[PDB]
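The file target37.txt comes next; it holds compact mmCIF, C-alpha atoms and all ligand atoms.
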# COMPACT_ATOMS: atom_id res chain seq x y z
CA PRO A 1 208.67 21.29 193.56
CA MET A 2 208.54 24.56 191.63
CA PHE A 3 206.01 25.71 189.07
CA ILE A 4 206.50 28.61 186.64
CA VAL A 5 203.82 30.04 184.36
CA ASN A 6 204.59 32.57 181.63
CA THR A 7 201.53 34.05 179.90
CA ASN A 8 200.37 36.94 177.72
CA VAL A 9 197.38 37.35 180.04
CA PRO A 10 197.49 40.85 181.65
CA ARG A 11 198.56 41.18 185.28
CA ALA A 12 195.17 42.69 186.16
CA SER A 13 193.49 39.45 185.07
CA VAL A 14 195.41 37.35 187.61
CA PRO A 15 192.89 36.83 190.45
CA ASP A 16 193.57 37.34 194.16
CA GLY A 17 194.44 33.93 195.58
CA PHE A 18 196.10 32.52 192.47
CA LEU A 19 199.61 31.85 193.82
CA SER A 20 198.14 30.38 196.99
CA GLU A 21 195.79 28.09 195.07
CA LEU A 22 198.69 26.88 192.92
CA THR A 23 200.77 26.29 196.04
CA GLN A 24 198.10 24.27 197.81
CA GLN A 25 196.96 22.28 194.76
CA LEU A 26 200.54 21.40 193.90
CA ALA A 27 201.24 20.29 197.47
CA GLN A 28 198.21 18.01 197.24
CA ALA A 29 199.12 16.76 193.77
CA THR A 30 202.77 16.00 194.59
CA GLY A 31 202.12 14.75 198.11
CA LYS A 32 204.76 17.17 199.35
CA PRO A 33 204.58 19.67 202.21
CA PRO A 34 203.53 23.18 201.14
CA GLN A 35 206.68 24.55 202.81
CA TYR A 36 208.62 23.13 199.84
CA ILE A 37 206.46 24.47 197.02
CA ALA A 38 207.61 27.48 194.97
CA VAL A 39 205.37 29.22 192.45
CA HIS A 40 206.15 31.94 189.91
CA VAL A 41 203.66 33.71 187.63
CA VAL A 42 204.77 35.99 184.80
CA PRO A 43 201.95 37.95 183.08
CA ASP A 44 201.92 40.47 180.22
CA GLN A 45 204.33 38.42 178.13
CA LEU A 46 204.99 38.87 174.42
CA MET A 47 204.20 35.37 173.18
CA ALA A 48 202.29 33.48 170.50
CA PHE A 49 200.92 29.95 170.29
CA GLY A 50 200.22 28.53 166.84
CA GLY A 51 200.99 31.99 165.50
CA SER A 52 198.03 33.45 167.41
CA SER A 53 198.29 36.04 170.18
CA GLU A 54 195.18 34.78 171.96
CA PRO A 55 195.73 33.86 175.62
CA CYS A 56 198.32 31.13 176.02
CA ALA A 57 200.87 29.92 178.55
CA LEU A 58 204.29 28.27 178.64
CA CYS A 59 204.94 26.52 181.95
CA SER A 60 207.41 24.29 183.74
CA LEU A 61 207.27 21.98 186.73
CA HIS A 62 210.53 20.83 188.33
CA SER A 63 210.40 18.09 190.94
CA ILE A 64 212.85 15.66 192.50
CA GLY A 65 210.89 12.52 191.71
CA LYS A 66 207.12 12.18 191.28
CA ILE A 67 207.57 12.86 187.56
CA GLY A 68 206.38 10.34 185.00
CA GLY A 69 203.75 9.09 182.58
CA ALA A 70 200.49 8.96 184.53
CA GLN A 71 201.60 11.49 187.15
CA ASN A 72 202.40 14.09 184.48
CA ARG A 73 199.03 13.60 182.79
CA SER A 74 197.44 14.21 186.18
CA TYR A 75 199.50 17.38 186.75
CA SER A 76 198.51 18.57 183.28
CA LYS A 77 194.81 18.08 183.94
CA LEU A 78 195.13 19.91 187.25
CA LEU A 79 197.23 22.80 185.98
CA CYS A 80 195.39 23.30 182.68
CA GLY A 81 192.18 23.28 184.69
CA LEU A 82 193.47 26.08 186.92
CA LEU A 83 194.79 28.13 184.01
CA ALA A 84 191.45 27.78 182.23
CA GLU A 85 189.29 28.62 185.24
CA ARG A 86 191.45 31.41 186.67
CA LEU A 87 193.17 32.96 183.63
CA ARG A 88 190.68 31.90 180.95
CA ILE A 89 193.40 30.20 178.91
CA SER A 90 192.33 27.34 176.65
CA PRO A 91 194.05 24.06 177.64
CA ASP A 92 195.10 23.44 174.04
CA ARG A 93 197.10 26.68 174.15
CA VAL A 94 199.25 25.57 177.09
CA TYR A 95 202.59 23.76 177.15
CA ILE A 96 204.09 22.44 180.39
CA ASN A 97 207.65 21.11 180.43
CA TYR A 98 208.18 18.56 183.21
CA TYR A 99 211.64 18.05 184.68
CA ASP A 100 212.60 15.14 186.91
CA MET A 101 215.56 16.74 188.67
CA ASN A 102 218.31 14.72 190.33
CA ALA A 103 218.73 15.67 193.98
CA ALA A 104 222.38 16.52 193.31
CA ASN A 105 221.29 19.05 190.67
CA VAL A 106 218.99 21.10 192.91
CA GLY A 107 220.50 23.76 195.14
CA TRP A 108 218.90 25.10 198.31
CA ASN A 109 220.08 26.68 201.57
CA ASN A 110 223.81 26.86 200.69
CA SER A 111 223.97 23.26 199.49
CA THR A 112 222.00 20.73 197.45
CA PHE A 113 219.66 17.84 198.19
CA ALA A 114 222.48 15.35 197.67
CA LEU A 115 223.80 14.88 201.20
CA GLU A 116 225.01 11.29 200.99
CA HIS A 117 228.46 11.35 199.39
CA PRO B 1 208.41 23.13 169.48
CA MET B 2 208.76 26.22 171.65
CA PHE B 3 211.37 28.95 171.34
CA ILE B 4 212.09 31.51 174.08
CA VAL B 5 214.30 34.60 173.69
CA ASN B 6 215.45 36.67 176.64
CA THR B 7 217.33 39.85 175.65
CA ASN B 8 218.40 43.28 176.91
CA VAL B 9 217.26 44.82 173.63
CA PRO B 10 214.44 47.39 174.21
CA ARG B 11 210.82 46.40 173.57
CA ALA B 12 210.59 49.16 170.95
CA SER B 13 213.39 47.47 169.01
CA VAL B 14 211.42 44.24 168.64
CA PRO B 15 209.83 44.21 165.16
CA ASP B 16 206.04 44.06 165.04
CA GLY B 17 205.78 40.86 163.04
CA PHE B 18 208.71 39.25 164.83
CA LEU B 19 206.72 36.56 166.64
CA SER B 20 204.97 35.59 163.41
CA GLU B 21 208.28 35.41 161.55
CA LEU B 22 209.79 33.15 164.22
CA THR B 23 206.69 30.96 164.13
CA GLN B 24 206.86 30.54 160.34
CA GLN B 25 210.62 30.01 160.25
CA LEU B 26 210.51 27.48 163.08
CA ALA B 27 207.61 25.64 161.42
CA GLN B 28 209.67 25.35 158.24
CA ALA B 29 212.85 24.44 160.11
CA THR B 30 211.28 21.78 162.34
CA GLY B 31 208.98 20.36 159.67
CA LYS B 32 206.04 20.81 162.03
CA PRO B 33 202.78 22.64 161.37
CA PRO B 34 202.70 26.20 162.74
CA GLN B 35 199.72 25.31 164.94
CA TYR B 36 202.18 23.51 167.24
CA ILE B 37 204.81 26.26 167.44
CA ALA B 38 205.04 28.51 170.50
CA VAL B 39 207.25 31.63 170.61
CA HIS B 40 208.10 33.96 173.50
CA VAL B 41 210.26 37.10 173.44
CA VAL B 42 211.32 38.90 176.60
CA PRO B 43 212.93 42.33 175.94
CA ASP B 44 214.40 44.92 178.31
CA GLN B 45 216.18 42.35 180.45
CA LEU B 46 219.02 43.06 182.86
CA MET B 47 221.78 40.86 181.44
CA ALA B 48 225.51 40.66 180.92
CA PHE B 49 227.45 38.53 178.45
CA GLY B 50 231.21 38.29 178.89
CA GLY B 51 230.92 41.03 181.49
CA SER B 52 229.39 43.46 178.99
CA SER B 53 225.81 44.75 178.66
CA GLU B 54 225.94 45.22 174.90
CA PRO B 55 222.99 43.56 173.13
CA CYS B 56 222.85 39.84 173.87
CA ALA B 57 220.33 37.00 174.15
CA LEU B 58 219.79 33.80 176.12
CA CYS B 59 217.42 31.43 174.36
CA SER B 60 215.98 27.94 174.52
CA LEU B 61 214.41 25.59 172.01
CA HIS B 62 212.39 22.66 173.35
CA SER B 63 211.36 19.95 170.91
CA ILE B 64 210.14 16.37 171.10
CA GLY B 65 212.76 14.84 168.82
CA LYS B 66 214.46 16.65 165.94
CA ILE B 67 217.24 17.67 168.33
CA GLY B 68 220.86 16.72 167.69
CA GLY B 69 224.31 17.65 166.45
CA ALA B 70 223.73 18.57 162.82
CA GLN B 71 220.15 19.74 163.33
CA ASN B 72 221.11 22.01 166.23
CA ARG B 73 223.85 23.64 164.17
CA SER B 74 221.18 24.36 161.58
CA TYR B 75 218.81 25.79 164.19
CA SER B 76 221.59 28.01 165.54
CA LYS B 77 222.44 29.45 162.13
CA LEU B 78 218.75 30.16 161.53
CA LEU B 79 217.97 31.63 164.94
CA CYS B 80 221.18 33.66 165.28
CA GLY B 81 220.48 34.97 161.80
CA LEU B 82 217.04 36.20 162.79
CA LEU B 83 218.23 37.73 166.06
CA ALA B 84 221.05 39.57 164.27
CA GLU B 85 218.90 40.80 161.38
CA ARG B 86 215.82 41.73 163.41
CA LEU B 87 217.16 42.61 166.87
CA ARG B 88 220.71 43.56 165.86
CA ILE B 89 222.26 41.13 168.32
CA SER B 90 225.67 39.77 167.34
CA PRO B 91 225.67 35.95 167.00
CA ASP B 92 228.63 35.63 169.37
CA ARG B 93 226.55 37.18 172.14
CA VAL B 94 223.77 34.60 171.87
CA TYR B 95 223.40 31.33 173.76
CA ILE B 96 220.69 28.83 172.80
CA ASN B 97 220.00 25.83 175.03
CA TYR B 98 218.47 22.90 173.14
CA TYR B 99 216.26 20.40 174.95
CA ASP B 100 215.17 17.06 173.52
CA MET B 101 211.97 16.54 175.51
CA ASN B 102 210.35 13.15 176.05
CA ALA B 103 206.70 13.06 174.98
CA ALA B 104 205.75 11.96 178.51
CA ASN B 105 207.34 15.13 179.92
CA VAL B 106 205.44 17.65 177.81
CA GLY B 107 201.97 18.68 178.95
CA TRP B 108 199.29 20.04 176.63
CA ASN B 109 195.49 20.10 176.54
CA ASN B 110 194.86 18.49 179.96
CA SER B 111 197.29 15.63 179.31
CA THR B 112 200.71 14.95 177.76
CA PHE B 113 201.99 13.58 174.46
CA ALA B 114 202.38 10.14 176.02
CA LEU B 115 199.02 8.65 175.05
CA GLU B 116 200.07 5.04 174.48
CA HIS B 117 200.31 3.52 177.96
CA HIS B 118 198.68 3.60 181.40
CA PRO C 1 228.31 29.00 181.95
CA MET C 2 225.12 31.01 182.30
CA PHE C 3 223.29 31.97 185.49
CA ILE C 4 219.70 33.20 185.77
CA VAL C 5 218.09 34.57 188.92
CA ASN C 6 214.37 35.35 189.14
CA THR C 7 213.32 37.13 192.33
CA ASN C 8 210.49 39.14 193.89
CA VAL C 9 213.04 41.59 195.31
CA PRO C 10 212.47 45.07 193.80
CA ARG C 11 214.73 46.33 191.00
CA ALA C 12 215.84 49.25 193.17
CA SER C 13 217.26 46.76 195.68
CA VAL C 14 219.67 45.27 193.14
CA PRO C 15 223.03 46.97 193.89
CA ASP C 16 225.36 48.49 191.33
CA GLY C 17 228.01 45.87 190.55
CA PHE C 18 225.77 42.83 191.05
CA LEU C 19 225.98 41.39 187.52
CA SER C 20 229.73 42.00 187.45
CA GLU C 21 230.26 40.30 190.81
CA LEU C 22 228.23 37.30 189.65
CA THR C 23 230.24 37.17 186.43
CA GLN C 24 233.54 37.31 188.31
CA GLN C 25 232.61 34.78 191.00
CA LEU C 26 231.18 32.35 188.44
CA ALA C 27 234.30 32.64 186.30
CA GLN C 28 236.35 31.78 189.38
CA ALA C 29 234.06 28.96 190.49
CA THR C 30 233.67 27.25 187.11
CA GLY C 31 237.23 27.95 186.00
CA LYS C 32 235.92 29.34 182.72
CA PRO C 33 237.12 32.69 181.35
CA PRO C 34 234.85 35.63 182.21
CA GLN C 35 234.28 36.16 178.48
CA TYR C 36 232.12 32.99 178.49
CA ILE C 37 229.92 33.91 181.43
CA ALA C 38 226.36 35.12 180.87
CA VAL C 39 224.29 36.44 183.77
CA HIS C 40 220.64 37.49 183.89
CA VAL C 41 218.78 39.02 186.83
CA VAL C 42 215.01 39.39 186.85
CA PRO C 43 213.62 41.48 189.76
CA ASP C 44 210.04 42.39 190.73
CA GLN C 45 208.67 38.93 190.06
CA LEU C 46 205.34 37.60 191.31
CA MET C 47 206.43 34.58 193.36
CA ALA C 48 205.74 32.61 196.50
CA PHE C 49 207.94 30.13 198.34
CA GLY C 50 206.28 27.90 200.92
CA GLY C 51 203.11 29.93 200.45
CA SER C 52 204.87 33.12 201.52
CA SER C 53 205.94 36.14 199.46
CA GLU C 54 208.90 37.16 201.59
CA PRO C 55 212.06 37.57 199.47
CA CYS C 56 212.93 34.45 197.50
CA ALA C 57 214.67 33.37 194.31
CA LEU C 58 214.41 30.71 191.64
CA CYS C 59 217.68 30.29 189.74
CA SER C 60 219.42 28.16 187.15
CA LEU C 61 223.01 27.45 186.19
CA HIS C 62 223.68 25.85 182.81
CA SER C 63 227.23 24.67 182.14
CA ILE C 64 228.98 22.39 179.69
CA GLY C 65 230.54 20.16 182.32
CA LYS C 66 231.75 21.37 185.72
CA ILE C 67 228.41 20.14 187.05
CA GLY C 68 228.33 17.45 189.71
CA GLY C 69 227.73 16.56 193.34
CA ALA C 70 230.45 18.44 195.21
CA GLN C 71 230.77 21.17 192.58
CA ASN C 72 227.06 22.00 192.80
CA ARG C 73 227.16 22.18 196.59
CA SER C 74 230.00 24.66 196.20
CA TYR C 75 228.07 26.71 193.62
CA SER C 76 225.08 26.77 195.97
CA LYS C 77 227.13 28.09 198.89
CA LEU C 78 228.65 30.74 196.62
CA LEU C 79 225.40 31.82 194.97
CA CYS C 80 223.20 31.70 198.08
CA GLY C 81 225.92 33.70 199.81
CA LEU C 82 225.72 36.42 197.17
CA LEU C 83 221.93 36.49 197.08
CA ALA C 84 221.81 36.82 200.88
CA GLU C 85 224.44 39.56 201.09
CA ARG C 86 223.42 41.58 198.03
CA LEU C 87 219.67 41.00 197.77
CA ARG C 88 218.92 40.06 201.38
CA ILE C 89 217.31 36.76 200.37
CA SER C 90 217.42 33.93 202.92
CA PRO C 91 219.30 30.92 201.53
CA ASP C 92 216.45 28.62 202.54
CA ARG C 93 214.15 30.52 200.19
CA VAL C 94 216.32 29.90 197.14
CA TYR C 95 216.17 27.08 194.61
CA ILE C 96 218.85 26.60 191.97
CA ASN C 97 218.44 24.14 189.11
CA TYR C 98 221.74 22.87 187.72
CA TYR C 99 222.02 21.66 184.12
CA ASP C 100 225.00 19.77 182.71
CA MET C 101 224.61 20.62 179.03
CA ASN C 102 225.99 18.55 176.17
CA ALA C 103 228.12 20.79 173.96
CA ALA C 104 226.00 19.77 170.97
CA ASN C 105 222.94 21.18 172.73
CA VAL C 106 224.37 24.66 173.26
CA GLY C 107 224.12 27.06 170.34
CA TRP C 108 226.40 30.06 169.92
CA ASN C 109 227.68 32.21 167.04
CA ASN C 110 225.67 30.46 164.30
CA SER C 111 226.76 26.98 165.42
CA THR C 112 227.11 24.81 168.53
CA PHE C 113 230.04 23.97 170.80
CA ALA C 114 230.11 20.48 169.33
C1 LIG A 201 210.56 20.28 194.57
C2 LIG A 201 211.63 20.89 193.66
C3 LIG A 201 212.24 20.11 192.69
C4 LIG A 201 213.23 20.69 191.89
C5 LIG A 201 213.57 22.03 192.09
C6 LIG A 201 212.91 22.75 193.08
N1 LIG A 201 211.98 22.18 193.82
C7 LIG A 201 211.23 19.77 195.85
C8 LIG A 201 211.67 20.67 196.81
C9 LIG A 201 212.31 20.22 197.96
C10 LIG A 201 212.50 18.85 198.15
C11 LIG A 201 213.13 18.38 199.29
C12 LIG A 201 213.30 17.00 199.45
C13 LIG A 201 212.84 16.15 198.46
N2 LIG A 201 212.24 16.63 197.38
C14 LIG A 201 212.05 17.94 197.19
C15 LIG A 201 211.42 18.40 196.04
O1 LIG A 201 210.98 17.51 195.12
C1 LIG A 202 207.33 21.10 170.13
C2 LIG A 202 207.53 21.19 171.65
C3 LIG A 202 208.41 20.33 172.30
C4 LIG A 202 208.54 20.42 173.68
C5 LIG A 202 207.79 21.37 174.38
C6 LIG A 202 206.93 22.20 173.67
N1 LIG A 202 206.83 22.10 172.35
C7 LIG A 202 206.26 20.04 169.87
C8 LIG A 202 204.93 20.30 170.18
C9 LIG A 202 203.95 19.33 169.96
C10 LIG A 202 204.31 18.10 169.42
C11 LIG A 202 203.35 17.12 169.19
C12 LIG A 202 203.75 15.90 168.65
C13 LIG A 202 205.09 15.70 168.35
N2 LIG A 202 205.98 16.64 168.58
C14 LIG A 202 205.64 17.84 169.10
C15 LIG A 202 206.62 18.80 169.32
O1 LIG A 202 207.91 18.54 169.02
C1 LIG A 203 228.91 27.92 179.92
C2 LIG A 203 227.52 27.60 179.36
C3 LIG A 203 227.02 26.31 179.41
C4 LIG A 203 225.78 26.05 178.85
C5 LIG A 203 225.07 27.08 178.26
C6 LIG A 203 225.62 28.36 178.23
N1 LIG A 203 226.81 28.58 178.77
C7 LIG A 203 229.95 27.67 178.82
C8 LIG A 203 230.02 28.52 177.73
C9 LIG A 203 230.89 28.25 176.68
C10 LIG A 203 231.69 27.11 176.73
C11 LIG A 203 232.54 26.79 175.68
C12 LIG A 203 233.30 25.63 175.75
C13 LIG A 203 233.20 24.81 176.87
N2 LIG A 203 232.38 25.14 177.86
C14 LIG A 203 231.63 26.26 177.83
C15 LIG A 203 230.76 26.54 178.88
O1 LIG A 203 230.71 25.71 179.96

Final structure tokens representation of the file:
Amino acid sequence: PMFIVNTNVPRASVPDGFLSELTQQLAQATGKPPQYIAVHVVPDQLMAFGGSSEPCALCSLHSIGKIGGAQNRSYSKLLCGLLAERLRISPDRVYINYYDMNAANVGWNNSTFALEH
Amino acid sequence: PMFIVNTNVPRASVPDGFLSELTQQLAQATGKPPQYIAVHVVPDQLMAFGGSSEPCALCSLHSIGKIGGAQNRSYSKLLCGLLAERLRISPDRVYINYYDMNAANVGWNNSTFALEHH
Amino acid sequence: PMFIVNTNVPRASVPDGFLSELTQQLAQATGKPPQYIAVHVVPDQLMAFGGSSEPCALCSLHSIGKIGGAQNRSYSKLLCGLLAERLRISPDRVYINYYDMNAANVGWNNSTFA
């Protein structure tokens, strides 16, 4: 699993511990070992939501499996909660694109996760 | 709808009201209220297009529906037009990836846009 | 084809020639003319991989076709090879998302490739 957050919130406002909290919470949420989890935070972005330059975020979560209706609503509650508490971004100014990646379409360590054929 | 532009054009070359213009134009183009539209511009990027570092852009438009052959051609004419006029990027050095997102796969406001089933 | 690499490796550590080597190797690997190839490198990123902030990379390759099981394994060997040699990133700290794009969903020059 990998989570990316792009935000107009200033770098200075990103608290110590943020990447590690994302990593651990996502491991728990996805039921996957933390060794697998990648996180990427991009502050100071030139972006608008609803035409307003108030704090907002555009995010993505890629996962091989564990993507779907109820699971995604749970990820959204978790991730919006963290963005609100840690970056002071209103949940209704966040978009998260979820991608259910096929194992054959994810590269890692000189190969992919399709090892069967 | 959300539109992202990554470009090697300098931050100083990005017009002041550029984000607002994109928001309004995309609202009109998508038929959606501006309150839904998100825009994101990333200048000063290290990029090459065709092996050259002349001004270029790599973009994406995500939308739940309203994505398809004819519509995408219309989006491309609109968005390339804006990038050329405002950022002075030639249309043949722009790529735009279009994504038709399922409502269940777009998160917003503590949930997603799949509110119908459990 | 277009390739994006986001990494926490410092800008100064990106060698002269890197974008051009990526362009050339991707042209060769995808079979597409180098005039098509777009490459984008984003250094100095705030990232963690497995909870650690040692060098890592999150990448994507979008292509109209030329995406598939064996082809993607070959792209991964090629691209991880380059990231290891040029940016000193361990291949096991790299993820690459592959996208097989429909030509109608790729805009260019005021239109699409459909
Ligand atoms: C998460 C992930 C999904 C897509 C792109 C990057 N990361 C992830 C990472 C590693 C494995 C290994 C085996 C099975 N599943 C995953 C996975 O979902
Ligand atoms: C645009 C959009 C699509 C995908 C990801 C982010 N933004 C968008 C936003 C909100 C709604 C709500 C209801 C129906 N459609 C959309 C929509 O296309
Ligand atoms: C590579 C590509 C794929 C998706 C998005 C951006 N670039 C690429 C570029 C142009 C053409 C034209 C005709 C056929 N195929 C491609 C292509 O794979």

Check: So how many Å separate CA of residue 9 (chain B) and atom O1 of ligand LIG 203 (chain A), to one decimal?
Finding: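 Straight-line distance from CA of residue 9 (chain B) to atom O1 of ligand LIG 203 (chain A) works out to 24.2 Å.
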
Checklist line | Selection near residue 36 (chain A), 9 Å with only C-alpha atoms, sequence-local residues under 6 positions removed, as a VMD selection string | finding: (chain A and resid 1 to 2 27) or (chain C and resid 49 to 51)

Check: For ligand LIG 201 (chain A), which residue out of C:76, C:97, C:105, C:8 is the nearest one, using only C-alpha atoms and all ligand atoms?
Finding: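 The shortest atom-to-atom distance to ligand LIG 201 (chain A) comes from C:97.
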
Dump the neighbourhood of ligand LIG 202 (chain A) as a short mmCIF file (atom, residue, chain, number, x, y, z; two decimals) with C-alpha atoms, keeping the file's coordinate frame: all residues within 12 Å, distances computed on all atoms listed in the file.
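Output file selection_4.cif is given in full below:
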data_model
loop_
_atom_site.label_atom_id
_atom_site.label_comp_id
_atom_site.auth_asym_id
_atom_site.auth_seq_id
_atom_site.Cartn_x
_atom_site.Cartn_y
_atom_site.Cartn_z
CA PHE A 49 200.92 29.95 170.29
CA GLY A 50 200.22 28.53 166.84
CA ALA A 57 200.87 29.92 178.55
CA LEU A 58 204.29 28.27 178.64
CA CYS A 59 204.94 26.52 181.95
CA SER A 60 207.41 24.29 183.74
CA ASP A 92 195.10 23.44 174.04
CA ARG A 93 197.10 26.68 174.15
CA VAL A 94 199.25 25.57 177.09
CA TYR A 95 202.59 23.76 177.15
CA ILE A 96 204.09 22.44 180.39
CA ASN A 97 207.65 21.11 180.43
CA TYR A 98 208.18 18.56 183.21
CA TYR A 99 211.64 18.05 184.68
CA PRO B 1 208.41 23.13 169.48
CA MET B 2 208.76 26.22 171.65
CA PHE B 3 211.37 28.95 171.34
CA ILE B 4 212.09 31.51 174.08
CA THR B 23 206.69 30.96 164.13
CA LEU B 26 210.51 27.48 163.08
CA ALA B 27 207.61 25.64 161.42
CA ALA B 29 212.85 24.44 160.11
CA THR B 30 211.28 21.78 162.34
CA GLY B 31 208.98 20.36 159.67
CA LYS B 32 206.04 20.81 162.03
CA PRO B 33 202.78 22.64 161.37
CA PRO B 34 202.70 26.20 162.74
CA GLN B 35 199.72 25.31 164.94
CA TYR B 36 202.18 23.51 167.24
CA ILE B 37 204.81 26.26 167.44
CA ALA B 38 205.04 28.51 170.50
CA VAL B 39 207.25 31.63 170.61
CA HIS B 40 208.10 33.96 173.50
CA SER B 60 215.98 27.94 174.52
CA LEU B 61 214.41 25.59 172.01
CA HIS B 62 212.39 22.66 173.35
CA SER B 63 211.36 19.95 170.91
CA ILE B 64 210.14 16.37 171.10
CA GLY B 65 212.76 14.84 168.82
CA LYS B 66 214.46 16.65 165.94
CA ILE B 67 217.24 17.67 168.33
CA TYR B 98 218.47 22.90 173.14
CA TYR B 99 216.26 20.40 174.95
CA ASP B 100 215.17 17.06 173.52
CA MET B 101 211.97 16.54 175.51
CA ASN B 102 210.35 13.15 176.05
CA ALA B 103 206.70 13.06 174.98
CA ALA B 104 205.75 11.96 178.51
CA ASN B 105 207.34 15.13 179.92
CA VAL B 106 205.44 17.65 177.81
CA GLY B 107 201.97 18.68 178.95
CA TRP B 108 199.29 20.04 176.63
CA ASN B 109 195.49 20.10 176.54
CA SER B 111 197.29 15.63 179.31
CA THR B 112 200.71 14.95 177.76
CA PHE B 113 201.99 13.58 174.46
CA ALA B 114 202.38 10.14 176.02
CA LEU B 115 199.02 8.65 175.05
#

Margin query: Could you list, as a ChimeraX atom specification, every residue within 8 Å of region 80-89 of chain C, counting all atoms listed in the file and ignoring same-chain residues fewer than 5 positions away?
Written below: /A:108-110 /C:9,13-15,18,22,55-57,94

Checklist line | Contact residues (chain C, partner chain A, 12 Å, all atoms listed in the file) as a PyMOL selection string | finding: chain C and resi 6-8+42-63+66-84+89-100

Check: Residues within 9 Å of ligand LIG 203 (chain A) (all atoms listed in the file), as a PyMOL selection string?
Finding: (chain B and resi 58+95-97) or (chain C and resi 1-3+30+32-33+35-38+61-66+99-103+105-108+113-114)

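The space between CA of residue 9 (chain A) and CA of residue 44 (chain A) spans 5.5 Å.
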
Write out as a compact mmCIF listing (two decimals) with C-alpha atoms, in the coordinates of the input the residues lying within 10 Å of residue 55 (chain A), counting only C-alpha atoms and excluding same-chain residues fewer than 6 positions away.
# COMPACT_ATOMS: atom_id res chain seq x y z
CA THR A 7 201.53 34.05 179.90
CA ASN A 8 200.37 36.94 177.72
CA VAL A 9 197.38 37.35 180.04
CA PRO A 10 197.49 40.85 181.65
CA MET A 47 204.20 35.37 173.18
CA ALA A 48 202.29 33.48 170.50
CA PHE A 49 200.92 29.95 170.29
CA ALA A 84 191.45 27.78 182.23
CA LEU A 87 193.17 32.96 183.63
CA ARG A 88 190.68 31.90 180.95
CA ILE A 89 193.40 30.20 178.91
CA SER A 90 192.33 27.34 176.65
CA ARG A 93 197.10 26.68 174.15
CA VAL A 94 199.25 25.57 177.09

Notebook entry, point to check: Please, what distance in Å, to one decimal, runs between CA of residue 71 (chain B) and CA of residue 88 (chain B)?
Noted result: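 Separation between CA of residue 71 (chain B) and CA of residue 88 (chain B): 24.0 Å.
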
Notebook entry, point to check: From the set B:53, B:20, B:72, B:25, which residue has the shortest atom-to-atom contact distance to chain A, counting all atoms listed in the file?
Noted result: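 Nearest candidate to chain A out of B:53, B:20, B:72, B:25: B:20.
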
Check: Could you write out as a ChimeraX atom specification the residues of chain B within 12 Å of chain C, counting only C-alpha atoms?
Finding: /B:6-8,42-63,66-84,89-100

Margin query: With distances taken over all atoms listed in the file, which residue among A:71, A:83, A:13, A:46 lies nearest chain B?
Written below: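 Selected residue with least distance to chain B: A:46.
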
Margin query: My list of candidates is B:87, B:116, B:19, B:5. Which is closest to chain A when distances are computed with only C-alpha atoms?
Written below: B:19

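Between chain B and the candidates A:78, A:29, A:5, A:64, the tightest atom-to-atom separation, counting all atoms listed in the file, involves A:78.
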